[PDB]
């Protein structure tokens, strides 16, 4: 009856195939890099 | 009055000075319009 544990561990490479099957159906999206930092304070010029 | 709303989120801008050589070619023009009469007036 331990064969169940042994085989569950052995035949685990198919988990990757299942993951690929899920991934292909997953909706994909991309993110762009965020401009970081203490942005310089620039204000209006002196006008009249 | 008493109203104002937002259009868009914040944006990234910078200050930059552009130095350029410019050649300026401009020819003047003259109306020189003749008024009525015998033709002596303008």
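Laboratory data are not the source of any read-out in this text; all were calculated from the coordinates shown. Cβ: placed from backbone, ideal geometry, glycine included. Neighbour counts: every protein chain shown.
Can you find a residue that is assigned to a loop (DSSP other than H, G, I, E, B), within 14 Å of another protein chain (Cβ to nearest Cβ) and either in contact with a helix residue (DSSP H, G or I) (Cβ under 7 Å, 6 or more places away or on another chain) or surrounded by fewer than 10 Cβ atoms within 10 Å (Cβ to Cβ) (or both) anywhere in segment B:18-41?
No.
Restricting to segment A:19-37, give me the number of residues that are assigned to a loop (DSSP other than H, G, I, E, B) and either more than 13 Å from every other protein chain (Cβ to nearest Cβ) or in contact with a strand residue (DSSP E or B) (Cβ under 9 Å, 6 or more places away or on another chain) (or both).
Looking only at that region, the number is 6.
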